[PDB]
Structure formats: structure tokens, C-alpha cells
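Given as C-alpha cells, the chain that follows is alone and in the form deposited in one PDB entry.
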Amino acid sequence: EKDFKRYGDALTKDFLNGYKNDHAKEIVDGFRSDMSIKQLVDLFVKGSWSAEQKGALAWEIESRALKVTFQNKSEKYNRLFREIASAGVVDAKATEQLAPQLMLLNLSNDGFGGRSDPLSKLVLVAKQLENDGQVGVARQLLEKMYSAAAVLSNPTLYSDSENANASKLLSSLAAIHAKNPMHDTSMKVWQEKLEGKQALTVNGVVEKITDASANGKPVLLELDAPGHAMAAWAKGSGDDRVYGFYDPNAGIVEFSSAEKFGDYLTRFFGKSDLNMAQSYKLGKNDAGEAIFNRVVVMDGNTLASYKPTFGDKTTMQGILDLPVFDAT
């Protein structure tokens, strides 16, 4: 552990700024969200970094440790239970169900991060299904993320099958990332790909979504920044027509007012308010306006039927119907 004592030594107003705001993805090339504390310490000393970048790696390390600090408050009961269960006679019904008083749920990591693309695509499938008459399917996906995290964080309170449900959810996301429907070799998931000289800005996206000519028909866009995927959609008819945005790092907004949808996206990406074009590092078209690298117009019925895992019937629609909790 010379790694750790060397981290120690080389350990400021840019630091604080890296720690809080300048997050490591985006500004520390080679940071991956699936990295352990051991691996992030490796990357810290191994490399040469600005005080911002150190700040950001420090947050990635310390945020992870914090989670465990809270988990370890259960450990003295865990340890007692294990000394007793695993000494002397065998008790097939020896069980503990821990009740921690604090739990830190971090959806950026322990296999919850790096999934903006699979989540975007799944939310789009959900919106197609909602367009077709189902209710609350995208919401129920996001809810399932929080529930799965709780389960994996505190497994002893949940059944075996619930622990396996939660894992299966995460491995479903990994599978979608592993075998992207955009780089496929059998079927076509999309209607079109707008990039290069047809690349859309935020305003174009606003228009492709709120266009009067699409009235009564779903519109299902994946929005790709350099390292990050988002979704937008329109669904329903007339008064029930709705326009929506989903950033995996933020949540979902919906409006029936096109103006309101347009102002949200404009102020979300633009420098007037949240400045997300810069912080997701969107490139610029010939006029200097922020564009997405790619906007994919999606065929919702065909994306709903896509199977991301070889030798497994589970479609995207199926992945949306995966439980975390055991059925009632």
C-alpha cells in the first residue's frame, strides 16, 4: 500500500472546486465510474493532475468511503451473528436481517453509473408503451433503480430472489451497453441518424419534438453528447399531447405546453441557467451553436422487440417488466 501513503502526502481553491463541481468523468480522462477506491488511488498518484482534477478524484474516493462508513455501523451485529451461525452446530434457519439507520445510495457507481445510453433507450421504449396505453412505465423503471440500489447495499433484508432480481436489472443494463442496437448486424432499431452536417442543436431538437406535423404520432429521440446519452419524446394526441426530456443524471420533465418544453431545454443546455451543453461538452456546428454528436430517431416498436443478450428471449420491453421485489 505504497499507493495509499503516496496519495496521503500529495493531498487549494481549485481543489474545492474540483471536489464539489468539477466532477471526474468529463475532466479526468481515464476515470471510469466502475472504479474501486484502490483503482482511483492508482490513477491519482500514477498520473499528473491539476488541483481541480485531484479535487474531483478525492471526491470519487471519499464518497465511496462514506458509503462504507455508514454500512459499517451494522458490522458489529453482522460479525456477532456470523461467529455464532458458523461455529458449532448447523442451523439451516440461522438468519439476520440488518436495519441500518443510515444508507448512502450512489447511483453513479457500483454498477449504476456508465448507463446513460441503456437508460435513454429503455425510457424511449417505455414512452412507446405509454403512447400505446400503458401507464407509468418509465417512472417505474427509475423507481426500480433506487430499489435495486437499496437491495445490493443491504442484502440481508431482502430474499435471495430479490437479490438476484436486483443483480439481473444491473446486468440487463450492462448487456445493452455490451451489445448496442446501433452497432447491430441483424435488425434496424432506428428510422434515422442525424449527425455531421445534419446534426441538431437544442433548438432543432425542440422543433423535431414539438412539430405540429407529427401530431397524433410518437416521436422518440436519443440525444448523444460525446460521453453521455439523453432522451426526448412526444406522445399522445390533441390536449393529451405531451413533450418530454430525460437526462439519466437528472430525471424526467414533461409538458403539454410546447413553449414550456422549449424554454426548459433551452435553459437546461444553454448558458442562461444550467449550462449543460458546456458541461456535457457538446461540439459546435458551422455557426458556433452547440449540437449533439448524434440524434437518433427511433422506431419504438422495433426497439421494444430488440434482444440485447444472445440466447435470451428477454426484449427491451421485457427488461422494463423485470421486478426487484417478489410478487404479491
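Throughout, rigid core stands for the largest set of C-alpha atoms superposing within 1.5 Å between the two forms. Throughout, we count residues from 1 along the sequence that is shown.
Below, we turn to the form deposited in another entry, even though it does not appear here.
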Of 275, 293, 36, 301, the residue whose C-alpha shifts by 2 Å or more between this form and the one not shown, after superposition on the rigid core, is 36
query: With the core lined up, does the C-alpha of residue 62 move 2 Å or more between this form and the one not shown?
result: yes
Is there a C-alpha shift of 2 Å or more at residue 17 between this form and the one not shown once the rigid core is superposed? yes
Determine whether the C-alpha of residue 254 shifts by 2 Å or more between this form and the one not shown once the rigid core is superposed. no
Per the comparison in the other form, the residue 170 and residue 102 C-alpha atoms (change 3 Å or more) are positioned closer
Quick read on residue 148 and residue 104 CA atoms in the other form, 3 Å or more from the shown distance, and they're closer
